[PDB]
Amino acid sequence: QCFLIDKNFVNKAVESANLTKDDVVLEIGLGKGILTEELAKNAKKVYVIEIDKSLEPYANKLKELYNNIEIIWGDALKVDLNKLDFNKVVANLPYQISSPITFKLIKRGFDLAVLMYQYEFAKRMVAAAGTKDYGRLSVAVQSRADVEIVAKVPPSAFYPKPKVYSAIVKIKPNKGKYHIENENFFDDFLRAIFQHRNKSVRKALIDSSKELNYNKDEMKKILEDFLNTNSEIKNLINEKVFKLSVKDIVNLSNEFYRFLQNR
Ligand SMILES: C[S@@+](CC[C@H](N)C(=O)[O-])C[C@H]1O[C@@H](n2cnc3c(N)ncnc32)[C@H](O)[C@@H]1O
């Protein structure tokens, strides 16, 4: 595990979280408790989820100075977050769980999150349409949340010293911006098209038609018909997957759903 040892970046994350004594924070991973202490100072309460019992001495040391720290000993991927009552998430995330844990937190919901990722992963999270780093991850995150990189974090900020950079990412869920029609369908649609990101949306939808529960022939015929409901839809399915904006992919999947169910 790479522990955050540079207090300038702890200060930064804490600051980025815009904490008041009315916020309850969820922290993923205890570490040395350096981030934990700053959270307890500035928030009403902090839940820490830690899988390793060998770090208890830090927990018991902190519990002796602060009465507003509750430690949940377990695996952050397994804990039912619906049973906890918190509005914010601030953590130096264990880089192996970065993807599933993002989508679990976003699913559960929160006012704001401030999270440490590996730099390359953060780049994909914030990437603009039409770039090399734009992919399923970009769309899956942005369609649900406003994301930005707050700071680039050097290997020197951690101990032991990593091979690569990390990044502080600020996440602000915005459900009303894009309005997804059916979450399960939208997920299948993204998986399908980003399996062929440099093809047209329509050629992508055909090659991986399995994902939307069709064979290649039904889908080919489905797309010919869908095409004929308006010219906007014609221009979108003929464009390369990685060139559609999040707004276009959400808008396109919403209509392809309504087309399919009314069929
Ligand atoms: C990157 S360190 C960050 C800890 C601390 N915030 C720091 O930077 O000083 C990862 C921490 O999360 C814990 N951890 C790793 N995997 C976990 C998991 N699946 N669930 C809960 N905790 C985990 C590790 O024991 C370790 O304490």
Side-chain angles (χ1 to χ4, degrees), residues 2-19 23-43 45-60 62-66 68-84 86-95 97-108 110 112-125 149-162 164-171:
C2 279
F3 300 143
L4 192 46
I5 54 161
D6 191 332
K7 182 100 115 79
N8 296 313
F9 291 105
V10 177
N11 291 341
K12 182 74 207 180
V14 166
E15 187 276 337
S16 195
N18 191 40
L19 294 184
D23 295 318
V24 179
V25 177
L26 171 68
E27 179 179 22
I28 305 300
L30 177 81
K32 302 278 204 170
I34 303 163
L35 180 56
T36 313
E37 182 172 33
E38 292 307 288
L39 301 186
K41 280 162 161 186
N42 289 284
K45 180 174 148 49
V46 49
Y47 293 105
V48 181
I49 308 167
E50 179 49 60
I51 201 178
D52 184 5
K53 288 269 223 301
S54 309
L55 301 179
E56 205 159 352
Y58 297 92
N60 285 329
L62 291 157
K63 286 204 208 99
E64 276 170 6
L65 334 190
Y66 304 95
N68 64 340
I69 302 169
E70 195 201 314
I71 311 297
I72 293 161
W73 299 107
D75 179 352
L77 302 177
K78 267 65 173 293
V79 179
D80 183 10
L81 306 175
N82 296 317
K83 266 109 183 180
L84 306 184
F86 65 92
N87 73 323
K88 284 166 169 185
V89 194
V90 179
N92 172 21
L93 297 165
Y95 99 80
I97 76 182
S98 290
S99 188
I101 203 66
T102 295
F103 297 103
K104 200 188 188 183
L105 292 161
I106 291 170
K107 180 168 184 157
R108 160 69 181 84
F110 51 81
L112 191 74
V114 176
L115 308 177
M116 271 268 194
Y117 294 97
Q118 291 197 313
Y119 183 67
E120 283 273 313
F121 196 92
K123 259 162 68 177
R124 304 163 47 205
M125 284 183 73
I149 290 174
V150 183
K152 186 183 209 191
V153 194
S156 71
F158 298 104
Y159 193 86
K161 274 181 69 167
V164 304
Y165 274 78
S166 288
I168 303 173
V169 172
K170 188 178 198 165
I171 309 172

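In this chain, residues are counted from 1 in sequence order. Read the numbers this way: they start at 1 and go in the same order the structure lists the ligands and their atoms.
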Is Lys41 salt-bridged to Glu38, cutoff N-O under 4.0 Å?
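Salt bridge present between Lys41 and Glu38.
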For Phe86, is the NZ or CZ atom of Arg108 found under 6.0 angstrom from the centre of its six-membered ring and inside 45 degrees of the ring axis?
yes
Kindly confirm or rule out a cation-pi arrangement of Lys152 over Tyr165, judged by NZ or CZ under 6.0 Å from the six-membered ring centre and within 45° of its axis?
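Yes, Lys152 sits over the ring of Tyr165.
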Show me which atoms of ligand 1 lie under 4.0 Å from any heavy atom of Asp52.
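Taking each heavy atom of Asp52 in turn, ligand 1 has 25 (O) under 4.0 Å.
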For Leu30, atoms of ligand 1 separated by under 4.0 Å from a heavy atom:
4 (C), 5 (C)
Using heavy atoms and a threshold below 4.0 Å, how should the contact between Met116 and ligand 1 be classified: side chain, backbone, both, or neither?
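Neither part.
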At under 4.0 Å between heavy atoms, which part of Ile28 makes contact with ligand 1: side chain, backbone, both or neither?
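Near ligand 1, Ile28 shows nothing, with every heavy atom at 4.0 Å or more.
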Are a donor atom and an acceptor atom from the side chains of [X] and [Y] found within less than 3.5 Å of each other?
X      : Y      : result
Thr36  : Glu27  : yes
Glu37  : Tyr66  : yes
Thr102 : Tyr117 : yes

Among [options], which one has a heavy atom closest to [atom]?
atom                    : options                    : result
atom 6 (N) of ligand 1  : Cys2, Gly29, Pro162, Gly74 : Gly29
atom 19 (N) of ligand 1 : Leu55, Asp75, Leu93, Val79 : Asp75
atom 26 (C) of ligand 1 : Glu50, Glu27, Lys32        : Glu50

Roughly how far, to the nearest 0.5 Å, is the OG atom of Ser166 from the CG atom of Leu4?
9.0 Å
Does ligand 1 have any atom that is closer than 4.0 Å to a heavy atom of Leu77?
no
Ligand 1 to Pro94 polar contact by distance, N or O atoms, under 3.5 Å
no
Regarding ligand 1, does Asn92 bring an N or O atom to under 3.5 Å of one of the ligand's N or O atoms?
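For ligand 1, there is an N or O atom that lies under 3.5 Å from one belonging to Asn92.
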